[PDB]
$ cat input30.cif   # mmCIF, C-alpha atoms
data_upload
#
loop_
_atom_site.label_atom_id
_atom_site.label_comp_id
_atom_site.auth_asym_id
_atom_site.auth_seq_id
_atom_site.Cartn_x
_atom_site.Cartn_y
_atom_site.Cartn_z
CA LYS A 1 -11.88 51.66 -68.91
CA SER A 2 -12.23 55.43 -68.33
CA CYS A 3 -10.47 56.84 -65.24
CA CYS A 4 -11.21 60.41 -64.18
CA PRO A 5 -9.53 62.99 -61.96
CA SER A 6 -12.71 64.38 -60.43
CA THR A 7 -16.51 64.00 -60.31
CA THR A 8 -16.73 66.85 -62.85
CA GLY A 9 -14.40 64.98 -65.18
CA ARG A 10 -16.53 61.84 -64.77
CA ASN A 11 -19.69 63.80 -65.61
CA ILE A 12 -18.13 65.47 -68.67
CA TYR A 13 -16.89 62.11 -69.94
CA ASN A 14 -20.24 60.37 -69.41
CA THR A 15 -22.15 63.18 -71.08
CA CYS A 16 -19.80 63.24 -74.04
CA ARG A 17 -20.24 59.48 -74.54
CA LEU A 18 -24.01 59.96 -74.93
CA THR A 19 -23.29 62.01 -78.05
CA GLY A 20 -21.72 58.92 -79.72
CA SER A 21 -18.32 60.56 -79.64
CA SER A 22 -15.30 58.32 -79.21
CA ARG A 23 -13.59 57.42 -75.99
CA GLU A 24 -10.51 59.45 -77.05
CA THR A 25 -12.61 62.51 -77.90
CA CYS A 26 -14.40 62.34 -74.58
CA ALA A 27 -11.23 61.67 -72.59
CA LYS A 28 -9.73 64.85 -73.97
CA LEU A 29 -12.65 67.07 -72.91
CA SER A 30 -12.92 65.50 -69.48
CA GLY A 31 -9.27 65.17 -68.45
CA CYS A 32 -9.85 61.43 -68.06
CA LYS A 33 -7.59 58.60 -69.19
CA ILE A 34 -8.52 55.48 -71.15
CA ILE A 35 -6.76 52.53 -69.58
CA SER A 36 -7.29 48.88 -70.53
CA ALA A 37 -7.56 47.54 -66.97
CA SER A 38 -10.41 46.74 -64.61
CA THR A 39 -9.50 49.37 -62.02
CA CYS A 40 -8.31 52.98 -61.98
CA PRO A 41 -5.18 54.46 -60.37
CA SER A 42 -5.36 56.60 -57.27
CA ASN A 43 -4.71 59.85 -59.22
CA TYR A 44 -7.59 59.17 -61.63
CA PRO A 45 -9.98 57.40 -59.30
CA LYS A 46 -13.39 58.61 -60.49
CA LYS B 1 4.63 52.72 -49.75
CA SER B 2 7.34 54.27 -51.93
CA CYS B 3 6.32 55.47 -55.38
CA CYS B 4 8.95 56.52 -57.90
CA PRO B 5 8.99 58.55 -61.11
CA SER B 6 11.39 56.31 -63.06
CA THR B 7 13.51 53.15 -62.83
CA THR B 8 16.48 55.35 -61.93
CA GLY B 9 14.45 56.85 -59.09
CA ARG B 10 13.55 53.34 -57.88
CA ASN B 11 17.19 52.29 -57.94
CA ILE B 12 18.38 55.39 -56.05
CA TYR B 13 15.68 54.83 -53.41
CA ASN B 14 16.51 51.18 -52.98
CA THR B 15 20.27 51.76 -52.81
CA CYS B 16 19.75 54.58 -50.29
CA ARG B 17 17.63 52.25 -48.11
CA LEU B 18 20.60 49.86 -47.77
CA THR B 19 22.54 52.60 -45.94
CA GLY B 20 20.16 52.72 -42.95
CA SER B 21 18.80 56.08 -44.06
CA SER B 22 15.14 56.94 -43.52
CA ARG B 23 12.39 56.69 -46.08
CA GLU B 24 12.19 60.50 -46.10
CA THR B 25 15.93 60.93 -46.75
CA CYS B 26 15.84 58.36 -49.56
CA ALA B 27 12.65 59.83 -51.13
CA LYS B 28 14.36 63.18 -51.39
CA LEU B 29 17.40 61.85 -53.26
CA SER B 30 15.31 59.66 -55.59
CA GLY B 31 12.41 61.95 -56.39
CA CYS B 32 10.09 59.26 -55.00
CA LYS B 33 7.07 59.87 -52.80
CA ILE B 34 6.13 58.05 -49.60
CA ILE B 35 2.38 57.51 -49.55
CA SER B 36 0.11 55.74 -47.18
CA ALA B 37 -1.61 53.62 -49.83
CA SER B 38 -1.56 50.10 -51.26
CA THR B 39 -0.91 51.29 -54.85
CA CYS B 40 1.02 54.07 -56.60
CA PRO B 41 -0.40 56.87 -58.75
CA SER B 42 0.26 56.87 -62.46
CA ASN B 43 2.70 59.75 -62.27
CA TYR B 44 4.94 57.82 -59.79
CA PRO B 45 4.47 54.30 -61.01
CA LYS B 46 7.90 52.74 -60.42
#
$ encode --input "input30.cif" --output "structure tokens"
Amino acid sequence: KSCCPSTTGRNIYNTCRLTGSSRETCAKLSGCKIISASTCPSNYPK
Amino acid sequence: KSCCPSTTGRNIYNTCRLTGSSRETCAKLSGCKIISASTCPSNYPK
């Protein structure tokens, strides 16, 4: 699951994934974290 | 809710709370944070 710090991070991540880039690649650009859980922590809630 | 940076932090906080000291006093000594939430953030997960 992707967990993002901000709405901008969420948008960057989502956009990057439409390019077919990997979750790690997109996490880097967006400041998001890839976590294998069904929910996100309070510091990366988006 | 108390949220701590490390196991050591958790142990300092818990020991301090046996003395009758306040959550604020014990958070200071432990590096923990007191947060009005039902979960902890990833940077204070203990």
$ resolve_selection --input "input30.cif" --expression "the PyMOL selection byres ((chain B) within 10 of (chain A))" --output "list in words"
residues 37, 38, 39, 40, 41, 42, 43, 44 and 45 of chain B
$ calpha_fit_and_write --input "input30.cif" --fixed "chain A" --moving "chain B" --output "mmCIF file with C-alpha atoms, in the frame of the given file"
data_model
loop_
_atom_site.group_PDB
_atom_site.id
_atom_site.type_symbol
_atom_site.label_atom_id
_atom_site.label_comp_id
_atom_site.auth_asym_id
_atom_site.auth_seq_id
_atom_site.Cartn_x
_atom_site.Cartn_y
_atom_site.Cartn_z
ATOM 1 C CA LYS B 1 -11.827 51.512 -68.760
ATOM 2 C CA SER B 2 -12.234 55.263 -68.248
ATOM 3 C CA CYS B 3 -10.527 56.800 -65.230
ATOM 4 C CA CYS B 4 -11.260 60.383 -64.230
ATOM 5 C CA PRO B 5 -9.581 63.000 -62.050
ATOM 6 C CA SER B 6 -12.753 64.377 -60.430
ATOM 7 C CA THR B 7 -16.550 64.046 -60.351
ATOM 8 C CA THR B 8 -16.733 66.900 -62.859
ATOM 9 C CA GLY B 9 -14.403 64.970 -65.157
ATOM 10 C CA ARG B 10 -16.619 61.877 -64.804
ATOM 11 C CA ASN B 11 -19.714 63.889 -65.657
ATOM 12 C CA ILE B 12 -18.120 65.522 -68.721
ATOM 13 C CA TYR B 13 -16.966 62.100 -69.958
ATOM 14 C CA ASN B 14 -20.344 60.507 -69.460
ATOM 15 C CA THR B 15 -22.255 63.378 -71.076
ATOM 16 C CA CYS B 16 -19.831 63.368 -74.026
ATOM 17 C CA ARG B 17 -20.401 59.609 -74.491
ATOM 18 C CA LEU B 18 -24.135 60.239 -75.043
ATOM 19 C CA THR B 19 -23.288 62.232 -78.195
ATOM 20 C CA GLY B 20 -21.819 59.239 -80.067
ATOM 21 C CA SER B 21 -18.309 60.620 -79.691
ATOM 22 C CA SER B 22 -15.367 58.269 -79.195
ATOM 23 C CA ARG B 23 -13.740 57.395 -75.914
ATOM 24 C CA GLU B 24 -10.648 59.326 -77.040
ATOM 25 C CA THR B 25 -12.631 62.482 -77.876
ATOM 26 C CA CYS B 26 -14.467 62.334 -74.542
ATOM 27 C CA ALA B 27 -11.263 61.622 -72.534
ATOM 28 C CA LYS B 28 -9.717 64.755 -73.952
ATOM 29 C CA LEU B 29 -12.585 67.035 -72.910
ATOM 30 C CA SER B 30 -12.890 65.467 -69.440
ATOM 31 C CA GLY B 31 -9.260 65.045 -68.473
ATOM 32 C CA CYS B 32 -9.954 61.317 -68.056
ATOM 33 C CA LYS B 33 -7.672 58.508 -69.168
ATOM 34 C CA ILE B 34 -8.623 55.378 -71.099
ATOM 35 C CA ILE B 35 -6.696 52.434 -69.694
ATOM 36 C CA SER B 36 -6.743 48.784 -70.454
ATOM 37 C CA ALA B 37 -7.214 47.662 -66.849
ATOM 38 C CA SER B 38 -9.930 46.457 -64.481
ATOM 39 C CA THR B 39 -9.272 49.224 -61.905
ATOM 40 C CA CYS B 40 -8.250 52.894 -61.899
ATOM 41 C CA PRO B 41 -5.097 54.413 -60.404
ATOM 42 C CA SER B 42 -5.367 56.599 -57.347
ATOM 43 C CA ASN B 43 -4.662 59.779 -59.262
ATOM 44 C CA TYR B 44 -7.663 59.153 -61.606
ATOM 45 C CA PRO B 45 -10.062 57.486 -59.246
ATOM 46 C CA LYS B 46 -13.448 58.772 -60.441
#
$ residues_around --input "input30.cif" --residues "residue B:10" --least-positions-apart "6" --cutoff "9 Å" --atoms "all atoms listed in the file" --output "PyMOL selection string"
chain B and resi 2-4+30-32+46
$ closest_residue --input "input30.cif" --among "B:29, B:34, B:22, B:17" --to "residue B:1" --atoms "only C-alpha atoms"
B:34
$ atom_distance --input "input30.cif" --atom1 "atom CA of residue B:33" --atom2 "atom CA of residue B:5"
8.6 Å
$ atom_distance --input "input30.cif" --atom1 "atom CA of residue A:11" --atom2 "atom CA of residue A:24"
15.3 Å
$ atom_distance --input "input30.cif" --atom1 "atom CA of residue B:27" --atom2 "atom CA of residue B:9"
8.7 Å
